[PDB]
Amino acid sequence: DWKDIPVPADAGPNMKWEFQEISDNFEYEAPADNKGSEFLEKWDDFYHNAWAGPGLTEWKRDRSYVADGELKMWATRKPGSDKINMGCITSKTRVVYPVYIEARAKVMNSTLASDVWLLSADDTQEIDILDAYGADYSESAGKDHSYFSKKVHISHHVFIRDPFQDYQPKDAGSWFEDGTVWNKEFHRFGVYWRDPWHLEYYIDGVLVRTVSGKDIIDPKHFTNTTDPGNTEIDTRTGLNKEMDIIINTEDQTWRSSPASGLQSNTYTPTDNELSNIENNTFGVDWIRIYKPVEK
């Protein structure tokens, strides 16, 4: 039973993990174009503001649904356009540290991203739980895609909004790989967001990466309360803001319109590849959320 699977993160001395009722195991039916009350108690079937998404992404309410025990989301070409319509949902309640969140999900066999992530209301602070490009092969690039099919990107971002600037860690351990081809099975991807300076990432019940301390979480002081980006003064908040849970797929600009301008680094679904619905359907069996409490 999903609620009983041990939590791999450590609740602390004389502490236990308490299951949060905002968790969802998606056992109800929610039609794509008419979600119903069970879905809508916990989720909104869009991004958290009117933006339709990055790259070729054009999010749609009717590209997410719940059926046969899973949250599902799929992708179709927008008629007359290069854009791809695909799903995005947002939690109606926010979470904050200390909190352990884990999704059991199956990365798509697509060049599109399969995402489970956390984002503050003001778009300044973000934590990835799952961010993966699962395809075995890319027709757009004409190449074996196993460089990506074997990697999951585990990261966090802090932003300055105007003018827009984005920091994330970029060391090699931010892409996890152990030989697993992610698109073949459901796996459990979790994060313990312990405090503003400490994240632990877990895959299948095992600690795979720790990101801890000011020098990796915010070395450019984008989180200063006074004068973001000024490293001479330190009023950094860290990852302190409460966050929405977002589940989606995305086409990103660095993939569909790469810097190099080269077809060979261009990874985005062709019309032929979009004809396979299953390959472009992202499935989430459940998402469970726990808080540490005193015994």
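Quick note: we count residues from 1 along the sequence shown, nothing fancier.
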{"item": "Stretch with the higher entry mean CA B-factor, where the candidates are 18-26 and 280-288", "value": "18-26"}
{"item": "Stretch exceeding the other in mean C-alpha B-factor - 27-35, 43-51", "value": "27-35"}
{"item": "Residue of maximum C-alpha B factor among 190, 79, 142, 196, per deposited coordinates", "value": "79"}
{"item": "Identity of residue with top Cα B-factor, from 165, 91, 210, 183", "value": "165"}
{"item": "Record-listed C-alpha B factor of residue 179: chain third", "value": "highest"}
{"item": "Residue 227 - which third its CA temperature factor falls in, relative to the rest of the chain", "value": "highest"}
{"item": "For residue 173, the third of its chain into which the C-alpha B factor falls", "value": "highest"}
{"item": "Cα B factor band for residue 251 (lowest, middle or highest third within the chain)", "value": "middle"}
{"item": "Record-listed C-alpha B factor of residue 257: chain third", "value": "highest"}
